[PDB]
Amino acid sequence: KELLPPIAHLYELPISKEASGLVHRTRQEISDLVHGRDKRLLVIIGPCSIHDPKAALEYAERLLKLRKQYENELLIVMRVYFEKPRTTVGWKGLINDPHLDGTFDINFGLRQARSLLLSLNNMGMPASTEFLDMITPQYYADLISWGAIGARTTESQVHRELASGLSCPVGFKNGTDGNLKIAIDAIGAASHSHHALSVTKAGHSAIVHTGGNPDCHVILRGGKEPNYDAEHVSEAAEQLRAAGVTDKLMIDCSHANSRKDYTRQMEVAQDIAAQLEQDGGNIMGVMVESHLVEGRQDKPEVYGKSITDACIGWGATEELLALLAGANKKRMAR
């Protein structure tokens, strides 16, 4: 199959006025969190990965009510990640393999991804994703209010350059090691201007002079040990001030910080709430892996149940958000 260029997809699914309005302001609102001008708490919450658009839309419908209810405390954004990167061997995600049958139908996957994101934004839910790849971003980055670079790629030069060219805030994860320095450096690198090689909306390789991305930050996501608590937060903030970059950071309640057990996500959030109640001046956000139904499954049999990492279910998601708004209500009052 010939790969369709971005312009093909952009022509069928142009950004709407409302969607570009929401991306613009959500980007702006998050910038304010990164630089300490607003004290609301970014919450990146949703499925480990998107495998069904229908489930994703219903998830977004519920999430949206809670984003509106808690809007003075939290800034809620949906995880719309298309894949779980592989150490090896599972399913590569919606874009790479949208039919979940090992066919590669990238053209269909990118169309479906663009469509899901346009629809979420159109209903009022801004969206987040991880940019793995140097070529796919162009397809839907205009519908993204916040991007991640993963633990496995935060050290990659071309990923740092990718980030320097995006128009959304970007979070960089510490190494699968626990190494924070690679993420701090990455901030350095992404904030500067670069002469990169990328591919245009028309599908041709090209030189792009990036403008630098001034709204990057660190994500604490565990390593050898969990790095979510106050002491790890304090040490990180120190390192961040020493490199002269922002000391506002995000914490991932999931992955290595929950030690690969979804039931511990709540416990990590409880620890974060307590830091917000005492002080927690260095935290601008959190990350949660959440779905309609808890746990995981190998085959997409059950509706709204993850097929990559296990997630908490809707019930626990309600509790968890209520917990963080409350604790953040108090921090914003001091």
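We number the residues from 1 along the sequence you see.
Two stretches are in play, 44-52 and 273-281, and the higher mean C-alpha B-factor belongs to 273-281. As listed in the deposited structure, the average C-alpha B-factor of 145-153 and of 235-243 is greater for 235-243. Sorting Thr200, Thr129, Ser115, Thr87 by the CA temperature factor given in the entry leaves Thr87 at the top. Across the options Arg79, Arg111, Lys260, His159, the residue with the most elevated CA B-factor in the record is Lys260. Among the modelled residues of its chain, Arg221 has a C-alpha B-factor that falls in the lowest third, as given in the PDB entry. The deposited CA B-factor of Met287 belongs to the lowest third of values across its chain.
When the modelled residues of the chain are ordered by C-alpha B-factor, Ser31 sits in the middle third. The entry lists a Cα temperature factor for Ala325 that places it in the highest third of the chain's modelled residues. Ranked within its chain, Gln138 lands in the middle third, by CA B factor from the PDB record.
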